[PDB]
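To keep things clear, I will list the structure first and then write my remarks on it.
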Amino acid sequence: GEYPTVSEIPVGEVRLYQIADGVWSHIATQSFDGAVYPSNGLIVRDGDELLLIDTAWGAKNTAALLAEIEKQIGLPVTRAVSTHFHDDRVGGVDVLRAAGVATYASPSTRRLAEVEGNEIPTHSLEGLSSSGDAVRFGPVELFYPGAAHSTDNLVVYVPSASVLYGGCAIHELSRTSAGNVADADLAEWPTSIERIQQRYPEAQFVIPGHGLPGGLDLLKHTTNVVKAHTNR
Ligand SMILES: [Cl-]
Ligand SMILES: [Zn+2]
Ligand SMILES: [Zn+2]
Ligand SMILES: [Zn+2]
């Protein structure tokens, strides 16, 4: 009840929100490009362990995230997947690594993180090189839909809970602009969203990279906003 918003989270703190049985989002905030933004990740129960999707945008936040997970859930985080190479997704990987978490990303994400100067997940995910590729990874499916917010961006589906985590490829309804498009492929982004729509029509909950969860309408919303941005 009441998903937390940016005014409810001081930078440095992390909230968890149970989305469904064995699926939570984590929500943190950060100062960026002259504003304060919220950021979501995902936590998925993996037997008696946890699979983490994305850091909490930095070392300080990610430390808070690990503490909050122990406090509220009390199962160990054994694996983490970063869904693209920007700092809101890999920033805090070293904190995860030091805590004994195995960190993963596609080869493309690892390479781009290195070029950018960001933290580099240790493990490489295989089978996600080409638009339309999917692989099972523990209790989720990882899907590379094609370039969108970034050329490497992955989305994550939790089949047991019908939860689709879009990361920064999916915008919340409140957002009217396409966000930070410095590394985006605006031309491909609607096509990549269509691949997601066609693959996961059964999604009940859709979690954007930043802001409020909704339903599958978030996909249409994203292509609306992305097209409007492209057009000026
Ligand atoms: Cl490259
Ligand atoms: Zn990004
Ligand atoms: Zn983002
Ligand atoms: Zn809309």
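Whatever order the structure lists ligands and atoms in, that order sets their numbers, starting from 1. Starting from 1, each residue takes its place in the sequence as its number.
- Note: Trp189 and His149 have perpendicular aromatic rings, judged against thresholds of 30 and 60 degrees for the angle between ring planes.
- Sorted by first then second residue, the salt bridge (charged side-chain N to carboxylate O under 4.0 Å, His left out) pairs that include residues 136-162, not counting sequence neighbours, are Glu141-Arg199.
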Would you mind writing out the side-chain donor-acceptor pairs for residues 153-163 within the sub-3.5 Å range, not counting sequence neighbours?
from, atom 1, to, atom 2, distance (Å)
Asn153, ND2, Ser150, O, 3.2

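- The stretch residues 73-94 participates, sequence neighbours left out, in these salt bridge (charged side-chain N to carboxylate O under 4.0 Å, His left out) pairs: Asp46-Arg79, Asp54-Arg89, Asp94-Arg97.
- Aromatic ring orientation, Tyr37 versus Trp57: tilted (interplanar angle from 30° to 60°).
- For the Zn ion (ligand 3), the count of nearby protein N, O or S atoms, meaning those under 2.8 Å away, is 3.
- Between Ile196 and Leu219, some side-chain heavy-atom pair lies under the 4.5 Å cut-off.
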